[PDB]
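What follows is a single chain, given as structure tokens, in the form deposited without the named molecule.
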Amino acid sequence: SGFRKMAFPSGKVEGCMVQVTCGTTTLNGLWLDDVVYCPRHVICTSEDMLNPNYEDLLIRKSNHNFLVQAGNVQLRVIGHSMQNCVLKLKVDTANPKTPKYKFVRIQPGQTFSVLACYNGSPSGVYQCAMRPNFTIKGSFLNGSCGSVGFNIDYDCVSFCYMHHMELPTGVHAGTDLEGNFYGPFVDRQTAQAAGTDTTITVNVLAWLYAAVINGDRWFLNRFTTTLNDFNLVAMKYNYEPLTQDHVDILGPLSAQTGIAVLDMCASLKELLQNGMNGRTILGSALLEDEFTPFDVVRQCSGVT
């Protein structure tokens, strides 16, 4: 037992990280088969980032202007194309460490692991959630651009995120691996504000279930509620509304703990209204919303 914010093992992704250098600008690329995927802003000077015309900037770049290094060996670039906000660099060598993989666009509230990288070299791995405002709260220094987010299903890496920028508020924005931003953000050096960072209610409930499974039971109350009554409280506290789809996905936790989903909602309602009163749940003084119901089942059952 015990319950930890856990990332996927990163080895399969470590084997895919490369350094991409265009002009004097370097960041990370993802090498899968004979393609290297990186943020298109690799082509841009600091002056370019103010108001970049990526199509016009890219005209001035040839295959030989994209320097791709995997470990300390140079890959030969035989083609390049822009797909939305990512560049695809065709190389003459298939990555021999290519895992089974997919590109998936995730929904807000979904969690994934980030392999933070600098100059094509992995620095660390951490777990986060796509926020309801389509930002993530990462740990990214200058140079971490091209770092990717992923989930693993046995031997299949589903890549869901590529890091592109930090908003003036220090939160992070990026793309799926087709180069489409999450949310409304643009890869331009202009002030961009995020919407309301609401709490992922279905994830809090999953984590309350994990707490019960792990023996933190003090917050369980004598009450129940309804979806409509709960959602009145959710809205007041900038929690995402709970739907029957979210009730469905908490079923096995409901079943294991013999705690009806709406009873756990009524427990969460009192926690919102009363606070923690200086108490903790699974070592947290706040309600954790970066575990999905699938994450809680996975961790609580030991999937590899």
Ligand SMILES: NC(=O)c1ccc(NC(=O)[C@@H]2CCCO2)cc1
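Start at 1 and count along the sequence shown; that's the residue number.
Beyond what is shown, the protein has a form solved in complex with the named molecule; the following relates to that form.
At the 4.5 Å threshold, heavy atoms of residue 182 reach the named molecule in the deposited bound form. The closest non-hydrogen atom of residue 106 lies within 4.5 Å of the named molecule in the deposited bound form. Although the partner is absent here, residue 219 is not a contact residue: none of its heavy atoms lies within 4.5 angstroms of the named molecule in the deposited bound form.
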